[PDB]
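Asks: Provided hereafter are the protein sequence and its experimental coordinates.
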2 protein chains.
Amino acid sequence: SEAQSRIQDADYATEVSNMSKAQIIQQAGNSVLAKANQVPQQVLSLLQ
Amino acid sequence: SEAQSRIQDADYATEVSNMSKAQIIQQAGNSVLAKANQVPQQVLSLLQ
């Protein structure tokens, strides 16, 4: 049982860390996508 | 008869000594088991 525990079970100390990292990266990516979305509109002011 | 009694009868002092030792060891083991049972409770506060 001790031997099987090393292969099956997860490491809860590391998984919450990885989850927080992924969530932070997702929020950063959503913000960057939102801010990089509205830069063809300089053409709108540029042509008028 | 006195020869046979050396092989059949027990020694009460040694027996009560071993009984007390075993009872102390069992109580210690139950305490240690109950103490090592809430080891995986830290991951619960870790993930929240």
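Replies: Nice, thanks for sending it over. Residues are numbered from 1 along each chain as shown, chains lettered A, B, ... in the order given.

Asks: Tell me the residues of chain A that contact chain B?
Replies: Counting by C-beta under 8 Å from any C-beta of the partner chain, chain A comes close to chain B at A:12, A:13, A:16. For the C-beta atoms, the positions are set from N, CA and C on the backbone; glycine is no exception.

Asks: ok, 10 Å please
Replies: Residues of chain A found near chain B (C-beta under 10 Å from any C-beta of the partner chain) are A:10, A:11, A:12, A:13, A:15, A:16, A:17, A:19.

Asks: list the contacts for the first one?
Replies: Applying C-beta atoms under 10 Å, 6 or more residues apart in numbering or on different chains to residue A:10 gives the contacts residue B:43.

Asks: one step back: just give me the closest of the residues of chain A next to chain B to chain B.
Replies: Minimum distance to chain B across the residues of chain A next to chain B is 3.9 Å, recorded for residue A:12 (C-beta to the nearest C-beta).

Asks: Would you agree the closest one is in contact with residue B:46?
Replies: Yes - here residue A:12 reaches residue B:46: they are 6.3 Å apart, a contact under C-beta atoms under 10 Å.

Asks: could you say what helices and strands whichever strand or helix holds residue A:5 packs with?
Replies: Following DSSP states H and E, one finds residue A:5 within helix A:2-8. Using 3 or more C-beta pairs under 10 Å, 6 or more residues apart in numbering or on different chains; DSSP states H and E as the contact test, no helix or strand touches helix A:2-8.

Asks: Quick check: next helix or strand after it?
Replies: Moving toward the C-terminus from helix A:2-8, the next helix or strand (DSSP H and E) is helix A:12-37.

Asks: Tell me the spacing between residue A:39 and residue A:46.
Replies: Residue A:39 sits 12 Å away from residue A:46, going by C-beta to C-beta, to the nearest Å.

Asks: Could you do residue A:36 as well?
Replies: Noted for residue A:36: a distance of 18 Å to residue A:46, by C-beta to C-beta.

Asks: Next, count neighbours for residue A:15.
Replies: Residue A:15: 13 surrounding residues under other C-beta atoms under 10 Å in any protein chain shown.
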